[PDB]
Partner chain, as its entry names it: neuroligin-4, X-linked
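Only one chain is given next, in structure tokens, and it is the form solved without its partner chain.
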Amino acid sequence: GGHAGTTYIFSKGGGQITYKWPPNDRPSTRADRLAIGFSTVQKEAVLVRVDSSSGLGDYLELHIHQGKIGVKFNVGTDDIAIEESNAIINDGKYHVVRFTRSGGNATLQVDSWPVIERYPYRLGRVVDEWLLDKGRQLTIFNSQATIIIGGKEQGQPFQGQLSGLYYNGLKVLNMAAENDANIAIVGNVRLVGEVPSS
């Protein structure tokens, strides 16, 4: 179908919606799931970025490049990139994207096109687990601090409509519409009203 439920339009100079976790509540995840609906005519833009707290390096970014949707992420080693290179999506029509990561593995799917897949005694036990704990962080998304929607802060402002954003249990755009305490909206971003029914 088209844009359903809570929807925002980004215009002109663009704008930003920011979710900020309270300091004691920042999550660290082994697995992530992200979905959103969008429409735009832009060849290049950033749509959503999740950043860890300052001084830490992990991140996840959903963007459009040369009219193609893609994601880039890092969870403790090298940057990893996945793109749907074979469907042009800057045609001003509604599209859906689904992204998942599970440790080192990840997938990307646009619309209904094929999924793209990327591939002793007391003391000894404690130390061995601490050493395993260390290596495990290289496939965990640590200390998530903000979800920033709209790309302006990254220098690639989005222009178009966004709806139905979901990230790890949070419907972020609905929280924005319900005046959540942890959300801020700035710039040219506007809530689309309800259908009369009609």
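For the two forms, the rigid core is made up of the largest set of C-alpha atoms that agree within 1.5 Å on superposition. Residues that one form lacks are left out of the comparison. Positions refer to the first chain, counted from 1.
Another form, the form deposited with its partner chain bound, is not on view; read the next lines as being about it.
Shown alone, this chain has one stretch from 135 to 143, 61 to 69, 166 to 174, 33 to 41 that lies within 4.5 Å of its partner chain in the deposited bound form by heavy atoms: 135 to 143.
At the 4.5 Å threshold, heavy atoms of residue 23 reach its partner chain in the deposited bound form. Heavy atoms of residue 29 reach within 4.5 Å of its partner chain in the deposited bound form, making it an interface residue.
For residue 56, a non-hydrogen atom is located within 4.5 Å of its partner chain in the deposited bound form, even though that partner is not displayed. Relative to the superposed core, just one shifted segment between the shown form and the other one, defined as three or more consecutive residues with every Cα moved by 2 Å or more, spans 135 to 138.
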